[PDB]
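Each chain, written out:
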Amino acid sequence: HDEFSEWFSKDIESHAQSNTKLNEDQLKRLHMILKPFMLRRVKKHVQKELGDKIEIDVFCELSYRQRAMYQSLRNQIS
Amino acid sequence: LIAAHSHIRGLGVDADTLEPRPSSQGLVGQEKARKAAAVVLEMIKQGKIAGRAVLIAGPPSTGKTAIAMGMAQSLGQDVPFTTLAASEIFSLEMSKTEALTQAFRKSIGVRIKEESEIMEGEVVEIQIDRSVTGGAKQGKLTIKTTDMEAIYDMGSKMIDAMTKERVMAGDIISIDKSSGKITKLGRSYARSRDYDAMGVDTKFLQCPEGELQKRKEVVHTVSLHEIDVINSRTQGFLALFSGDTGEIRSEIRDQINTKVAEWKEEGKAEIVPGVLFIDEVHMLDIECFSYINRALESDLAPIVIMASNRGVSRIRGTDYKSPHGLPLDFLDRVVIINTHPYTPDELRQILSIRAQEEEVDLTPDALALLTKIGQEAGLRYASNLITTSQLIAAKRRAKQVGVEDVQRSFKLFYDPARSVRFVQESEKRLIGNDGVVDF
Ligand SMILES: Nc1ncnc2c1ncn2[C@@H]1O[C@H](COP(=O)(O)OP(=O)(O)O)[C@@H](O)[C@H]1O
């Protein structure tokens, strides 16, 4: 795992590849690693019994007093 | 009925260019002042610019109040429009300045929005428990729509409304839960044949469907003066109708202005700025102008439109003259719109509009003679001649009025131009500033 400190450099470019998914250095090596060490049973095996779940995203605003205290906090960071 | 400004149906300008149409919506025969009043109307409907002063100056009988009523009909029943006359301010109850302050604050509407909860359905049973010789009351109301069957409770005010309404079994009532009014809509059964003093068989309505507790969002518009009176007195409400408001101190206004600003920021209320029309402002004395010039300095001042008649007149309460009777420290603030006297080809169509409004049919010779009279005596004599000639033609059983009816009305009722000569002829049998004799 301290060789995975060099792969912790990979782990910070894992944020950079969350931006840019076009690298393959550890993933096939993890396919070598994760044929042991892990055993995945999927949601698809279990949700086929169940129905569906759907997230609905609802935005909001700030009231005058609320935005006033929020930029009072921005004056506080000022 | 048919008053002197019932034919007017607005100001009569365009919506995109606001050019003055020569004949549109009653106000027919003038172009400059109607275009300027359209500009004033547009900056009132914008609502942003606060504290101006518009002075509609000109000769009498030239349609100044007609332009004011044209703006009044053009705003509709949304924006307040106070038709204040300048002599109402001189009270004996309250001070002369506070009457002006109330006249400004009556023209700033506050439009609030609140949720009430209305009910609907058929009353199944009433259950009222009453004490003996004074005491509380208890109430259980079973109400049923086509779906729900509820057994509600009642307090003292609800029973005092039920007994006032006489809500029996089998009535379609709707109770506002917040305000607490009861409006019977009708019945579903028929009238019983067991009691005598029952009442009148109402409208036959079926059982309402849906739900019991429905919500409603109502919009209430109060002027700032009503807020001042309901927040200036502990129990003495209703004095905003019977005029019994003595004085409102400044500590009350400086709190209500701040709370209305807070209601504006919270999205609770919306400030609708309005119009204060002051008819014949030349009657106000200088003690009024020394406050009117400074009340137009805040965010809660209405856009004042006001009329005048006078030339170089002396200001009341002073010793010196000025144009329009208004002081020259107040005439800097105002903006003066002139009106012009009319032309006979415009008096013809104005009398035509006034004749078609009062349902009077004419002959063109009578209309020509009427225009000839209106050239020399103004509209205020000619319209009276129209109505009078209508009734004289009704007396002699004629369909349309004629030349003879107009000559009859001109012979009977003098215009002021002949009454001045009638004064100046017989000066010995009229009380001047001196004695009088009797033959
Ligand atoms: N341009 C006009 N269009 C329609 N009616 C008019 C016009 N000018 C005057 N009148 C009529 O003449 C009468 C006098 O107008 P008003 O505004 O009362 O005169 P004043 O401004 O002297 O009080 C009003 O009843 C109005 O109906």
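The rules behind each value
- Residues numbered from 1 in each chain as written, not as in the entry; some residues may be left out.
- Chains lettered and ligands numbered in written order.
- Part of a larger assembly, values for the part shown.
- Heavy atoms only, no water.
- Salt bridge = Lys/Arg side-chain N within 4 Å of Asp/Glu carboxyl O.
- Helix = DSSP H or I, 4+ residues; strand = E, 2+ residues; numbered from the N terminus.
- Buried < 20%, exposed > 50% of the residue type's maximum accessible area, 1.4 Å probe, protein only.
- Pairing = 2+ DSSP bridges.
- Near = heavy atom within 4 Å.
- Polar contact = N/O pair within 3.5 Å; in protein donor to acceptor, adjacent residues only side chain to side chain.
- Areas by Shrake-Rupley, 256 points an atom, 1.4 Å probe, with all protein chains shown as cover.
- UniProt positions renumbered as here; feature names shortened; annotations may be inferred.
- Contact = heavy atoms within 4.5 Å.
- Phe/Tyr/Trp six-rings, centres within 6.5 Å; stacked < 30°, edge-to-face > 60°.
- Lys NZ or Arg CZ within 6 Å of the ring centre and 35° of its normal.

Per the deposition metadata, cryo-EM was the technique used to determine this entry, at a resolution of 4.34 Å.

Draft legend 1. View of the pattern of salt bridges. Residues and elements named next belong to chain B. Using the criterion set out here, one finds 18 salt bridges over all chains in the structure. For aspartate 171, the salt bridge goes to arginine 187, with nearest N and O atoms at 3.0 Å. With a gap of 16 residues between them, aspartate 171 in strand β7 (residues 171-175) and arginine 187 in strand β8 (residues 182-187) connect regions that are remote in the sequence. For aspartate 171, a relative accessible area of 4% corresponds to the buried category. The salt bridge involving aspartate 319 is made with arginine 314; its shortest N-O contact spans 3.7 Å. Via salt bridges that share partners, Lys96, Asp285 and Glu287 belong to a single interconnected network.

Draft legend 2. Expanded view of the pairing of strand β3 (residues 108-118) of chain B. Residues and elements named next belong to chain B. Pairing of β3 with strand β10 (residues 269-273), which is carried by five bridges, proceeds in the antiparallel orientation. In the sheet register, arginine 111 faces β10, and the bridge partner there is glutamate 270. Two strands pair when backbone bridges link them, and β3 and strand β9 (residues 214-223) are joined in this way by 10 bridges, in the antiparallel orientation. The residue bridging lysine 113 from the neighbouring strand is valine 219, located in β9.

Draft legend 3. Fine view of the site of the ligand. All names here are of chain B. Neighbouring the ligand are 16 residues; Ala4, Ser61, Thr65, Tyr342 and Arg380 lie closest to it. In the model, an oxygen atom of the ligand is placed 3.2 Å from a nitrogen or oxygen of the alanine 66 main chain. Measuring from an oxygen atom of the ligand, one finds a side-chain N or O atom of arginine 380 at 2.5 Å. Against a free-state accessible area of 550 Å², the protein chains account for coverage of 90% of the ligand. Elements supplying a minimum of two residues to the shell around the ligand: α2 (64-75) and α10 (379-395).

Draft legend 4. Region of the structure containing the UniProt feature "binding site: ADP 1" (unreviewed entry) in chain B. Residues and elements named next belong to chain B. Within this structure's numbering, the places UniProt gives as "binding site: ADP 1" (unreviewed entry) are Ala4, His5, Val28, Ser61, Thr62, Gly63, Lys64, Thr65, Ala66, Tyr342 and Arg380. Note that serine 61 resides in the loop between β1 (53-57) and α2. When near neighbours in sequence (up to four residues on either side) are disregarded, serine 61 contacts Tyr342 and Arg380. Mapped onto the fold, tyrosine 342 is located in the loop between β15 (335-338) and α8 (344-357). Residue classification places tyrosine 342 among the partly exposed residues on the basis of a relative accessible area of 23%. When near neighbours in sequence (up to four residues on either side) are disregarded, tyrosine 342 contacts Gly29, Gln30, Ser61, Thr62, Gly63, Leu347, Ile350 and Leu379.

Draft legend 5. The arrangement of the packing of aromatic side chains in detail. Residues and elements named next belong to chain B. Applying the stated criterion across every chain, the model contains four aromatic pairs over all chains. Taking the centre distance of 6.3 Å and the plane angle of 10° together, the rings of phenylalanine 81 and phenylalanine 277 count as stacked. In this pair, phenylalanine 81 sits in strand β2 (residues 81-85) while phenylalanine 277 sits in strand β11 (residues 275-279), placing the two residues 196 residues apart along the sequence. Relative accessible area serves as the criterion here: at 21%, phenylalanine 81 is assigned to the partly exposed category. Arranged with centres 5.2 Å apart and planes meeting at 50°, the rings of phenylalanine 289 and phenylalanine 330 form a pair that is tilted. Taken together, the residues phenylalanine 289 in helix α7 (residues 286-295) and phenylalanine 330 in the loop between β14 (321-323) and β15 connect sequence positions 41 residues apart. Looking at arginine 418, its charged tip hangs above the ring of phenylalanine 410, at a distance of 3.6 Å from the centre.

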